Each structure stands twice: as C-alpha cells, then as structure tokens.
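Structure, as structure tokens:
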Amino acid sequence: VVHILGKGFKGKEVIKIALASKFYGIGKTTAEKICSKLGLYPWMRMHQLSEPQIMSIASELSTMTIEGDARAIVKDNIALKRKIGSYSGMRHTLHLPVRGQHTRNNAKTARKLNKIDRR
Amino acid sequence: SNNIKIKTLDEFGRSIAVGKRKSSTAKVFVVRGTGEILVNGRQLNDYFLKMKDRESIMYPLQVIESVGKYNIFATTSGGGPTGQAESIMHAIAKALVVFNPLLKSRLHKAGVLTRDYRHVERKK
Amino acid sequence: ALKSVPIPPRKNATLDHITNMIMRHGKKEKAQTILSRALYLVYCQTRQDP
Amino acid sequence: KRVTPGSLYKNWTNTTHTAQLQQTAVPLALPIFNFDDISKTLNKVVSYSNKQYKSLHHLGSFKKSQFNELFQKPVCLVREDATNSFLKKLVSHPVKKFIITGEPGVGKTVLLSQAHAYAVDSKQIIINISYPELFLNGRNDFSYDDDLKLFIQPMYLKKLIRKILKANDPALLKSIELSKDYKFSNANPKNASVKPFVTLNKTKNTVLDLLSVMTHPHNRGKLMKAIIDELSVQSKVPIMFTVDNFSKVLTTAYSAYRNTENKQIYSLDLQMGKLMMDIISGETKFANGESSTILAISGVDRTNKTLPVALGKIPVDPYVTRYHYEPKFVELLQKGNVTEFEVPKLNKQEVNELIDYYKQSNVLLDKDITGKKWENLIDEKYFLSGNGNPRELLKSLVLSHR
RNA sequence: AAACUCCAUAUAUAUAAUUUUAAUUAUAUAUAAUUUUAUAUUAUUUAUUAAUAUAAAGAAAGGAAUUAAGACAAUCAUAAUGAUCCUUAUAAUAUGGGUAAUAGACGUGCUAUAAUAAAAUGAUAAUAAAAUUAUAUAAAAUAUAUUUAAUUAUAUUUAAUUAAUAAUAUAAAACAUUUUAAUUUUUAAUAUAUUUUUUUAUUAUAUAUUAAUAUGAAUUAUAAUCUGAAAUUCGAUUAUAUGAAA
Ligand SMILES: Nc1ncnc2c1ncn2[C@@H]1O[C@H](COP(=O)(O)OP(=O)(O)OP(=O)(O)O)[C@@H](O)[C@H]1O
Ligand SMILES: [K+]
Ligand SMILES: [K+]
Ligand SMILES: [K+]
Ligand SMILES: [K+]
Ligand SMILES: [K+]
Ligand SMILES: [K+]
Ligand SMILES: [K+]
Ligand SMILES: [K+]
Ligand SMILES: [Mg+2]
Ligand SMILES: [Mg+2]
Ligand SMILES: [Mg+2]
Ligand SMILES: [Mg+2]
Ligand SMILES: [Mg+2]
Ligand SMILES: [Mg+2]
Ligand SMILES: [Mg+2]
Ligand SMILES: [Mg+2]
C-alpha cells in the first residue's frame, strides 16, 4: 500500500489513473500533467514509486485546489445562490432538480444529493 | 418466336454473367486459366475477409471440379460482403454453363443457378 | 466423369448448428472464430481430428 | 487460488504462444537450412540448425500467431522467388540496405528469420529489434541524458543488450578488441560498494566484456552508445542490424512519453529512435563491408504516404498532414539508399510442397484427406488462400471448421 | 369472391453520341408459373388418383389491393346540419405566466450493471440502401479549444449544386492490433532460457471486501458556444471538475 496525502493505493494501480480516482478535483487530464511534470512514465504503477517521488507527488498535490478546498468552492457557490434568492437556490434548498428536469416522474437523485451542504 | 439466343464465349474466350443477391450485384469474367481470381482488382483474401464468403465463391467451381481450370475476374457493387460474395457465386455458376452445357443439371441440383429472392422486407 | 461423383456438401450440418447456437446478434463470424479456435486447441492437445 | 499451476488462464492468442502445445507434435526428420547448399533444399520445407534455433529464439525471430505450435520446431519453406532471391541480393549488392514489404501475412517475418539464419551461419553479429512498439508505447521507464541530449530508456536497454549477448556467438564478440577506454558506474551487487567504477581498457578487453557491464540505469544510455560505436568501428565481423515491424516506427513519429511540459516526445529524441535511424540513414557507418540493414514492415500497423514516398512508389504530396506523411523519415530513408524487396505470393507448386509437409505432420483434417483427390485439395487451398498467401493457407487447413 | 390486376424476380426489345457513368445502371414496352413430365412406393371412390420419394426441365422462391350487409365504438383538437346558450363578452388584441408544479401509482422507451465484451487505432481510405437540398444542402482551407498532427466542437470564409452532375456523406458493425478493474490470473528488481511481444526461479507487489472499477454516467459546480428579438421559469452543444443508483 502506497499512501499519498492520506489516500491509500494498491501497488498495482496505475499512478495517472489512481490520482484521478481518489483525489477530489483531479481528473484524467489533470493527473497526466502531474505525472508528466514529475517525470513518471505514462503507465508507471504505485509500487514502483520511491519515497522521494511520493513526496514530490504530495508537494504538487498540495499546490492545487483539491479535497476540502475544491469541495468548499462548490459549497460556497451553492450557498450564494440561496443568499440572493435565485430560483436555482430554492431548488437546492428543496432538494429538487436545479437544471430544468421534470419532476412528475424520476428526480430521485436530485432528491438524494441536492442540498446546500452538498458533499 | 423465342427470345433466347445461344450464349457463346466472346472474342477473348471469356464467359460473362451477372448475379444478384440482396442489394448486391456482380459481373464476372470467366476464362480458361489456372485458378486465378481477382475481386474488383484486389486479391480475394483482401476483399473478402471471411473464409465462409471465400468458400461460397469457390462452391460452383467445386461442383464441376474445375477449381484450377479457370481464371475469374469478378466485379461487384452494392450491399455487403455476404451479398457480394453470393452474387459472385451465382454469376460464376451462370458463366460456367457456356464452357460445358452438359453440366447445367449438376449446377442446378447443387442450387447455385437459383437466384435467391430474399430481401429486406418493410414490416407490414 | 462427373456423373458418378456426389455433389460436394455445401456445409457441415453439425458444425453449422453448433455455430448458430453460439451466435448472437447475427455475429456469425465471431461465433465461427470461437468454435474454430476451440477446435484448434483440441487438436493441439489430442493430435486427432477435432 | 482459482488458477492452478497448469491451468490455461490466458486468452487464445497467448495460450497458443505460451502453453507449450508443440510437445505433442510428432518429430519429423527434415533437411537443415544452409544457404551454402541451397541447391539441395530449394523449394523444400526445412528446419533450422541447433545453432540457428538458439540464436533466433534469443533474437525474437519467431513470433506469436505463426502457428509454430503445430510443429515440433518452427519450419520454413526455402523459396526461390523469396528466400533465394533475397539472400543472393544480400550477398551481392554493395549497399546492403533493404526493407521487406508485401501484403499482410505474406511471410515477411519468416524471410527476416531466414536472413538471421544466414547471418548465424556466416559468422555475423546480429542486432535485432523485434518489436519497436516496446520503446514507443510508454510502458517502461525513460530518463533524459544531458551528455547525450537524448531520452534514454534503461529498462528496455537492459533487455536489448542481453539479447545481443545471448544470441550471438561469444567467439565473434571476443574477437573485437576495444578501441577506446571506457569507464562506467558499477551496479554489480557483489563489489558495487567496493569498486565505484568498472574500467574497460583498450586492446585488453573486448566487446564481450562491454556487453556484460552491470551499470546504473542512468548510465545505461552511455553503454549502448559505446557498444554501437565499437561494433561500427571494427572491420573484423560483419554486423547485421534488423528491425521487424518497422512500419510502427514510420507511422508513430511521436511516442507516448511526455516531457515536463506535457508535450509528447518526438521519436528521434529517444536514443532508440535516434540510434535506429542513424544506422538506417548511414550516419553510423560500419567498417566491415558485409554489414547489412534489413527492415521489415508488418500488416498490423497503419499505412500512410511515408513509406511509399520513401521508396519512390508515389510522388511527394506537400499538403499531406504530418499524421499521414513524415518528411523527416523520408529524408533519412532516402539518405541510406534503402531498397525494397517485395515478398511474392506463393505459386501453386509451392502450395503443393507446403500441403505435402502438412500431411506428413498430421495437421490436416480428415475432410481434406479422405474422399478428396490430392489435385483437388491443392487447387481448392490455392483458391481459398488468395492465390498464395501463406497465412490464409494455414488458416484454411487448421482453423476453418465449418 | 376467385380469376383478373399491379409490385417483386428472370428474360427480350427500345432509349443513352457509356464525361449527369451507376451500362454491374436508368425506365418504357413485351414474355414467363396458379410450373411441368417420367418413374417407384403407400393409400384411395384403385383410376386417366392423392400423399410420398426418385429422375428430368425451369431464374421461379414473396407480396399487394378486392363484397355487401349486420351488430356495435368513438367528438372527429380530423368535417358538417339543426336546436340550444353568450352578444361591453362565453367574441377580439397585447404583456407576462401556465401547459415543464410533485407524495404515491401505472404505461412506453433510453442507458447501464465487464472478458462469447467494452475502449482506443486502422489515408493510395473494406463494404450499402433509401432519401434530402430556392422558406437551401454546405465542400476544402484557416483559426481556437490544443498538443507535431489526427480526432471532436465551434468560429472565420461560402467552392460546387437547385441536382443520375455538387453537397449533406470516407456508412457502421465486421476484421486486425493494442488495452481492460474484479484477478498475486498483475507489475517490478535480479538471474534464466532452444517459449524471447515469452518461459522459469527468488524476493517485494496492501489492506479492505459482498463487493461498484480503469464498469456505470445520474446529480451538481464553473467557463464557453449554437438558434432566436428573447433561453429566468423552460432549449441544444462543448470543456474542466463532480461520479449517484445499478
Ligand atoms: N516460407 C514459409 N514457409 C513456411 N511458412 C511460412 C513461410 N512464409 C510464411 N509462412 C507462414 O505464413 C504465416 C505468416 O508469416 P509471417 O508472420 O512471416 O508473415 P508477415 O507478412 O510477416 O505477417 P504480418 O503482416 O502480420 O507482419 C505464418 O503462419 C508463417 O509460418
Ligand atoms: K477525481
Ligand atoms: K420542471
Ligand atoms: K414513468
Ligand atoms: K459506364
Ligand atoms: K410556456
Ligand atoms: K462492457
Ligand atoms: K455510405
Ligand atoms: K433557460
Ligand atoms: Mg510479420
Ligand atoms: Mg403536456
Ligand atoms: Mg471506401
Ligand atoms: Mg470542413
Ligand atoms: Mg473507412
Ligand atoms: Mg470500431
Ligand atoms: Mg450499491
Ligand atoms: Mg468510464
């Protein structure tokens, strides 16, 4: 098991895929740039990394907006909608779809995740 | 009077027949040779990737046991690989009768001289 | 010479039946490939006609 | 575990390649491949010699998907229009730079294996790059070397150097005394902590010693440049440099590797690419006049205007996008005076010889032996194979159960 | 009713100065089958017979429309006639809103829940048919996303064609190569090999785990674009991020 910034990774996992899977705010394109910047070859796996290289990943990850910081940006944008009294803000408060979806049927996911304190 | 004129080889010894299957059509040139086949100017293995399509083309020649006695220049258009391969099969059988009209009965019995009528039917 | 030769068989009835049972969605070529590859592995271990 | 020690767990293509299914094959006694006595083996199926098999297995001459598991050992038909024609040009032509072409499955790899067999017999040192995709797919480590100004690939280089050592006769390698002194960092786990470096003095150590140097991954690029330089300066032993699936190199100008700016790395910025194209272009000249460079394309790779233009088969179209036309590769190929040898398709008599060998190997189905006349079988299999394609011939015989 | 008739299919003639090219075609006319014959067997109303098989000839194998009654259903937002009611309003126009609300329930679809199956790549370009383009179809090129290029999206520009001519539009699957979590069935370091794109040996390669991954793409944040006078309720597309249920 390789631990980067608390996240645990299985040795066989490909670094560029693992980074975009466990870290909030990092996708496929962002993960590839991090690996390219650190000199990791495209299909290198976690078990190959050395401790100096594990620290380099944590350094580059700590200079980005990820995890709590990224999640806070979404929670604060949603809160602003409620503060100004916009139609979208009310939908977030009522746990209803906010993008024009019909509610006579379906709308189950919006009733499950839409909230001012969105995860 | 009748509307049928005896079919004969052309000035270059070639028997020309047309065949149709589904939406595909094939015009083949059969001449006495050594078993060389060309489909739209391309090698048989190149144009037809499926071995079952290749075996369909060879079947009429296998019935008269003349697989190595003729050169075939097949030109095909329309439909897909199966329609074209079987349209070529039908056209070779119709072109082989000129070389020996005594083998028509064997070709008919094998089923290679019958035009397959099945086509995509608009649901009714 | 041909009068006494049986018309060669267009296809093997058993193999054609097995192929169609494997086949789904009209993908006969894949079904034929699977059967041929399986029968190729039978020959390479038994060295008899699969 | 679900997988037992002998369970067949891989896919079909890897199982046939790796499952050792030739063990049950019947031993047949065939003549041996010898170009010096080709008159006795022309148009006949031959096995390779024991010295040739050992070298060709270490070079990667035999590949998967060649139905090699049907026979005890890989066999080849000595052909007049392909094998004899190519080997005579290789012995006579002064330039000795060839690229083998032909339709997919025509037998381009087998021809290259027969050229490797000739080289082994004729006391030559063979450097083979069987699968160039391994250094272009981005699945092994890469590092930038400041002294070479190239991206070196240590993991790949370690495998390549061992292949050059295990596939070639030690006596030939020992004959080439070193021309310069070399110093490398010591990675031998026995004395690495005692001796910081390993020195190779000139006129005392040989190229055999150079191929056995255990160095650190960061100094392995400088070891590959020394090996090539030593083999290109000596005039004692001819060097046969071969690259199979060269079409991959021509059509993949940019590797999967990315630099620190997330920019894909040009293939000529890799040492393997630079080294390969230096030998082909003529930049790296070999002192011995019997040294050759045989390239072979593969039908598994995409095609574009690069190779046809380099060979003079089509005019240069300047408005073709770089993804379909690489003008730099064309310049390198034309600077090296590389000539094309198109592998012809099999004739009906050659098909007869191959099908007669297959009958003796017991690989033919009972529907092609019982109740079928021999002449009918040859004509049918010559028609179903596209009039000569060796791969379509084998498939029609052993992989067509319909 | 059936016959007949038309369509399809096979064939013949005619037409095309074979660059509007697909002549392997187009569409006018005609012909063909509701097939025919011999033979053996089994039945029969046993004869000039059906069911069968055998042999021979044949391209011949599929559809369409079709009478009048009787009994019954629908407002037809798919046409009427009368009666009946409104006539400063139950008629007419404008602005905005609604028809898109959301507890539960039901119908019909779409995409999924991985290895007989998904994802990439395939340029002298594998292989279609039927349609559309004067209230238009929009090529190639260039620019940006964006990276050598390709790919995808939009912008710039508006070539050709109002068409068997040019455009929408290089069909797709197929096939080949590569890759693929669960899976220590992997990967890596050494050594090893006559499996070398690979074998074997020794070490490390995590645990968690009936479970949701490199499956899945719902939901959501931000930025940009398209149509339109206008995209807030309430449209479409793209990028980065998010990654639910199953
Ligand atoms: N001379 C020969 N003798 C025996 N078998 C041969 C010969 N030439 C080709 N074959 C067989 O034909 C098949 C294809 O051969 P090979 O792999 O050399 O072809 P290729 O053209 O290099 O293929 P690709 O285009 O995929 O690279 C194999 O089964 C091989 O054994
Ligand atoms: K992520
Ligand atoms: K709504
Ligand atoms: K519903
Ligand atoms: K024409
Ligand atoms: K509305
Ligand atoms: K799948
Ligand atoms: K098309
Ligand atoms: K809107
Ligand atoms: Mg090859
Ligand atoms: Mg409604
Ligand atoms: Mg095409
Ligand atoms: Mg364009
Ligand atoms: Mg295509
Ligand atoms: Mg595809
Ligand atoms: Mg669940
Ligand atoms: Mg996905």
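In what follows, chains are A, B, ... by sequence order, proteins preceding strands, each numbered from 1. Values below: all heavy atoms of this structure, side chains included; hydrogens, waters and symmetry mates excluded.
Side-chain contact check for D:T109 and D:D244: at least one donor-acceptor pair (N or O, by modelled atom type) lies under 3.5 Å. Checking A:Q53 against A:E51 by side-chain atom types alone, no donor-acceptor pair falls below 3.5 Å. A donor atom on one side chain and an acceptor atom on the other are found under 3.5 Å apart for B:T25 and B:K20. In the model, B:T76 has no side-chain atom that pairs as donor or acceptor with a side-chain atom of B:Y47 under 3.5 Å. Counted by atom type alone, C:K30 and C:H25 present zero donor-acceptor pairs between their side chains at under 3.5 Å. Side-chain atoms of D:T306 and D:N304 form a donor-acceptor pair, as typed in the model, at a separation below 3.5 Å.
Nucleotides E:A188 and E:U203 satisfy the base-pair criterion: a Watson-Crick or G-U wobble arrangement whose two donor-acceptor distances both fall under 3.5 Å.
B:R42 comes within contact range of the sugar-phosphate backbone alone, with a heavy-atom separation under 4.0 Å but no base atom that close. Residue contacts for D:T18: at a heavy-atom cut-off of 4.0 Å it reaches a base atom on one of the strands shown. Looking at heavy-atom distances under 4.0 Å, D:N50 makes contact with a base. Base engagement by D:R322 is indicated by at least one non-hydrogen atom pair under 4.0 Å involving a base atom. Among the atoms of the strands shown, base atoms are found under 4.0 Å from some heavy atom of A:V14. Counting any heavy atom pair closer than 4.0 Å across all strands shown, D:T321 reaches sugar-phosphate atoms only and no base atom. A:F23 comes within 4.0 angstrom of the backbone, heavy atoms only, and of no base. Across all strands shown, D:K51 has no heavy atoms under 4.0 Å from either base or sugar-phosphate atoms. Heavy atoms of B:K109 sit under 4.0 angstrom from primed sugar atoms or phosphate atoms, though from no base atom. Using a 4.0 Å heavy-atom cutoff across all strands shown, B:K20 reaches sugar-phosphate atoms only and no base atom. Among the heavy atoms of the strands lying under 4.0 Å from B:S105 are primed sugar atoms or P, OP1, OP2 only; no base atom is included. Counting non-hydrogen atoms under 4.0 angstrom, A:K81 reaches the backbone sugars and phosphates but no base. Among the protein residues, A:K112 comes within range of the sugar-phosphate backbone only, with heavy atoms under 4.0 Å from sugar or phosphate atoms but none that close to a base. Backbone-only contact: D:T303 has heavy atoms under 4.0 Å from sugar-phosphate atoms and none from a base.
Here E:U162 is in the syn range [glycosidic angle within 90° of 0].
Applying the salt bridge (charged side-chain N to carboxylate O under 4.0 Å, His left out) test to pairs two or more places apart or on separate chains, none has a residue in residues 51-61 of chain D.
Considering only heavy atoms from C-beta on, D:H58 stays 4.5 Å or farther from D:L165 through its side chain.
E:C175: Watson-Crick or G-U partner is E:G122, with both key distances under 3.5 Å. Of the nucleotides present, none pairs with E:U84 by Watson-Crick or G-U wobble criteria with both distances under 3.5 Å. Across all strands shown, nothing is found opposite E:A23 as a Watson-Crick or G-U wobble partner with both distances under 3.5 Å. Judged by Watson-Crick or G-U wobble contacts below 3.5 Å, the nucleotide E:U197 has no partner.
Near RNA chain E, meaning a heavy atom under 4.0 Å away, the residues from residues 253-269 of chain D are D:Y254, D:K263, D:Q264.
Paired with D:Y257 under the rule side chain to side chain donor-acceptor pair (under 3.5 Å), one option of D:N137, D:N140, D:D141 passes, and it is D:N140.
Atom name P, nucleotides E:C106 and E:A130: the rounded distance is 46 Å, in whole Å. E:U29 and E:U170 have their P atoms separated by 38 Å, with the value rounded to a whole Å.
Judged by the sign of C1'-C2'-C3'-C4', the furanose ring of E:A193 adopts a north, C3'-endo-like conformation. Judged by the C1'-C2'-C3'-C4' torsion, which is negative here, the sugar of E:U147 sits on the south, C2'-endo side. South is the pucker class for the sugar of E:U183, given a negative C1'-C2'-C3'-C4' value. Sugar conformation, E:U162: south. The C1'-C2'-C3'-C4' torsion carries a negative sign. When the pucker is read from the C1'-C2'-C3'-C4' torsion, the sugar belonging to E:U202 turns out north, on the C3'-endo side.
When RNA chain E is scanned 5' to 3' for any atom under 4.0 Å from a heavy atom of chain A, the first and last hits are E:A100 to E:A245.
Residue D:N245 comes nearest to D:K63 through the heavy atom pair OD1-NZ, 2.7 Å, listed as atom of the first residue, atom of the second, then distance.
Judged by ring-centre distance under 5.5 Å and interplanar angle under 30°, strand neighbours E:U177 and E:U178 are stacked.
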